[PDB]
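Heads up: the protein sequence lines correspond to chains S and P, in order.
This note's numbering applies: residue 7 is where the first sequence begins, and numbers increase by one.
This note's numbering applies: residue 7 is where the second sequence begins, and numbers increase by one.
2 protein chains.
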Amino acid sequence: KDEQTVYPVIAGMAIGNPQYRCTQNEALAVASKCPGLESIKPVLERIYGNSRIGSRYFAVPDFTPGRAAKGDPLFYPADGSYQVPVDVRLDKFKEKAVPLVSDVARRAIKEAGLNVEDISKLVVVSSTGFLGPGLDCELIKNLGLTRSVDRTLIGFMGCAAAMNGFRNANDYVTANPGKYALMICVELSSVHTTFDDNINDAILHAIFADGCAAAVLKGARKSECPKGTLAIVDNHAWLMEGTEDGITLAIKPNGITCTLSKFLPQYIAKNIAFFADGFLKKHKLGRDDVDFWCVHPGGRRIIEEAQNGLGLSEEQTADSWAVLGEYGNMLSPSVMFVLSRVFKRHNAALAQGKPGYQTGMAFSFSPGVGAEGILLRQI
Amino acid sequence: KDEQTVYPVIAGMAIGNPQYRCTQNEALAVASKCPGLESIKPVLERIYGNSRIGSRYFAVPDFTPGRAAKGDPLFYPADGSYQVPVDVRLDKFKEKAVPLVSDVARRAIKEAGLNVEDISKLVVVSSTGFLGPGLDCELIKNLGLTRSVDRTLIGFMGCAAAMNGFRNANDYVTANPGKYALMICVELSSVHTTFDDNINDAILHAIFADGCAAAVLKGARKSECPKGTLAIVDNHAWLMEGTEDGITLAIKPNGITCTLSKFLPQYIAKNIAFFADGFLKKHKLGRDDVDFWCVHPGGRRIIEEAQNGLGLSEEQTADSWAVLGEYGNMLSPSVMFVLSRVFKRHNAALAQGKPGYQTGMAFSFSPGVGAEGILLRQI
């Protein structure tokens, strides 16, 4: 009995984005051209100018009308009121999510040596889309998944919801070694734009964007995979005390909206060390044993205060900074993106002589405020 | 044979209801007095009388004005228009669910003979509530749960989401045998009332109600449990072709709404055989081998067509009528209420040396329309 322990492994991953790459210069010009926010322009220039978000992707052409696709209508009213009822907004979510989420799912299944029939469990994760028959239903028809597939819709868990999706998958996949589970996170914040008079909303409107990421998971022993394979060995959470006001969500008539506390980055700085050191103590490890960090690119302060809290260099978080610059905050699939660049650099090293990474941690933040995170080591 | 098989078992179960028990004669009187329903007024008396519902529970006093709690206001406007923004409606969900979920969870754990410490995983299920820091965050506060608890919010999966919650808990608990998971279904459809001049909405208003049910889940081996123990041996799903209109759900500005087609009952009777005969053939069993059937009490016609398609007696489905008559359709927990009627008879039979129920099936229906079920067999 040398060992027969089954470890949860990401057998494949895919990254997705809608048509419209909007540079922060164009985003600033649009927001400032909106009437009502005409007396709020000085703060807009400070938020957009000091965002190191180079570009953001949107499903809707309204932010980039000069290069709008032919036959793609502007979603927001002509009078610049940005008044669309919430149900109509969710209709547009579905409208634009289906083509996106089915493509990313397909490429995920393609990354593993798998056919569509092989998926027994489906997890769709969103906080921006809640619809009748779900995207889970839509992915069964467009990809032709066996109609007996297990369905879970993890809704409204904020930017950390990928971690929760991973847990659910690992639990199933560890219970069912030979079986395969698909986990997709998709967000379309370009549907919930209001351009409200307050600075809180102004901050969100400069940060949140569209994106999608899918990952396939399998139950694997240490003799079924290639040499430098990484398995999610452990997971961790901590509901931070006295942080209740950190991330507040709400569904309102004019869209699904958010309020991020001023002291939210401070909450992270004061608590993040306790999370990571507690997580690592389980495995007799320290901060220094970790080769890479997938911090959620929820914005500048998020990454910076994680850096300050954990004492990490700009080089240790370069992948998070990279996803923030090119994509911005895509909400829940944002960490998956960071994991993708990491999984690209790992493998590239494995192609050459190098052993690649031995230990890595990926974490983000949930409404609570909670710290959700996973640890992958080499099997 | 490999006798290290770990089965998921319900270790503790508790049912719960909001404050106000409203009879159907009372509800009919409140419905008929409403001003803006004068196109479907002559229909109302038949809908409420031909519902098989005698009473149902509500969190808001607006349906039983006289019996209002000492310091609990009327939620809906004195206008009699039922115009409340979604955010205010969801704010009320939090206000009333937190206490309800708290004592249901407290009692469930107590009946599992555990302490609040022993819960490792928390799963909240609702299609009538979506909250910033969700109910999961409130339960860790209220019950004083361990702050490292694995939390998941399953949202907008309709009347069958208890099956999805069960699956998610089963997955976790068979992966980690010694550990314990808490699955809670909470629903408050009394916060989404609109009384629209619509035949469909009138029917729904007569049927939908408020309720909560919780279940603690353990992973046990062959003889780690008292003789007579029922365990959830399997789960099965099936999406029905061309039943997309069956159950459609939306979030509109005036609240979360449901809309069911008249053909939903026909979809069930047309497809319920294929689902149930599918489930049982995987385990070499037929309809005869089933002692108890737990059909989702979603309405008069919903139970009837389940009886028709499966050839079930009114005596086998007697639990389903009983829940419906006393509580109405509470959405997710409804299945748990029926289930927690069989368990009383079962446990009382074992107290008197009798063998008890050997094999049963609990199922429900999700937007799709999908069929969602679980199989309970004795160890």
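Cβ coordinates follow ideal geometry from the N, Cα and C atoms, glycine included.
From the DSSP output, in three-state form, read off residue i for me.
i                      : result
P14 of chain P         : strand
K7 of chain P          : coil
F214 of chain S        : strand
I385 of chain P        : coil
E378 of chain P        : strand
residue 6 of chain P   : What the structure shows of chain P is the stretch from 7 to 385, and residue 6 of chain P is not part of that stretch, so it cannot be assessed.
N121 of chain P        : coil
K76 of chain S         : coil
residue 389 of chain S : Examination of residue 389 of chain S is not possible in this model, given that chain S is present from 7 through 385 alone.
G317 of chain S        : coil
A84 of chain S         : coil
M19 of chain S         : strand
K224 of chain P        : strand
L194 of chain S        : strand
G42 of chain P         : helix
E310 of chain S        : helix
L337 of chain S        : coil
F201 of chain S        : coil
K350 of chain P        : helix
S229 of chain P        : coil
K47 of chain P         : helix
Figure out for me which residue from the options has the closest Cα to the Cα of residue i.
i               : options                           : result
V239 of chain S : S:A368, S:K127 and S:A220         : S:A368
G366 of chain P : P:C300, P:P339 and P:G140         : P:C300
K268 of chain P : P:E250, P:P339, P:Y13 and P:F69   : P:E250
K288 of chain P : P:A65, P:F99, P:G331 and P:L381   : P:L381
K290 of chain P : P:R383, P:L128 and P:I59          : P:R383
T29 of chain S  : S:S108, S:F69 and S:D78           : S:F69
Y88 of chain P  : P:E311, P:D283 and P:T200         : P:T200
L151 of chain S : S:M163, S:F172, S:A187 and S:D97  : S:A187
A220 of chain S : S:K228, S:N353, S:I16 and S:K147  : S:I16
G334 of chain S : S:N170, S:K360, S:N176 and S:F214 : S:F214
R227 of chain P : P:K258, P:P183 and P:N206         : P:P183
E332 of chain P : P:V12, P:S57, P:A37 and P:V49     : P:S57
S319 of chain P : P:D297, P:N31, P:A355 and P:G305  : P:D297
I190 of chain S : S:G304, S:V179 and S:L159         : S:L159
Looking at the secondary structure, which residues open and close the alpha helix (DSSP H) in which residue i lies?
i                    : result
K116 of chain S      : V92 to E117
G161 of chain P      : Run containing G161 of chain P: none in the alpha helix (DSSP H); it sits in the beta strand (DSSP E), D156 to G161.
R27 of chain S       : No alpha helix (DSSP H) holds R27 of chain S; the beta strand (DSSP E) holding it covers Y26 to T29.
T180 of chain P      : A167 to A181
residue 1 of chain P : Outside the modelled stretch of chain P, which goes from 7 to 385, sits residue 1 of chain P, for which no answer is possible.
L141 of chain P      : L141 to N148
Would you call the CB atoms of residue i and residue j closer than 8 Å?
i               : j               : result
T134 of chain S : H198 of chain S : yes
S154 of chain S : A279 of chain P : no
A74 of chain P  : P67 of chain P  : yes
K102 of chain S : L210 of chain S : no
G161 of chain P : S126 of chain P : no
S370 of chain S : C165 of chain S : yes
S196 of chain P : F281 of chain P : no
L245 of chain S : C143 of chain P : yes
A20 of chain P  : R157 of chain P : no
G18 of chain P  : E117 of chain P : yes
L286 of chain S : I309 of chain S : no
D177 of chain S : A181 of chain P : yes
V92 of chain S  : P259 of chain S : yes
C218 of chain S : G22 of chain S  : yes
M342 of chain P : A168 of chain P : yes
From what residue to what residue does the beta strand (DSSP E) around residue i run?
i               : result
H242 of chain S : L236 to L245
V301 of chain S : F298 to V301
So what does residue i bridge to, in DSSP terms?
i               : result
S372 of chain S : S:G376
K127 of chain S : S:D156 and S:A187
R62 of chain S  : S:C28
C264 of chain P : P:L255
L356 of chain S : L356 of chain S is not bridged to any residue.
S132 of chain S : S:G161
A219 of chain S : S:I21 and S:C191
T365 of chain S : S:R383
For a contact defined as C-beta to C-beta under 9 Å, what are the partners of residue i on chain C?
i               : result
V155 of chain P : As a matter of chain content, chain C is missing from the structure shown, whose protein chains are S and P.
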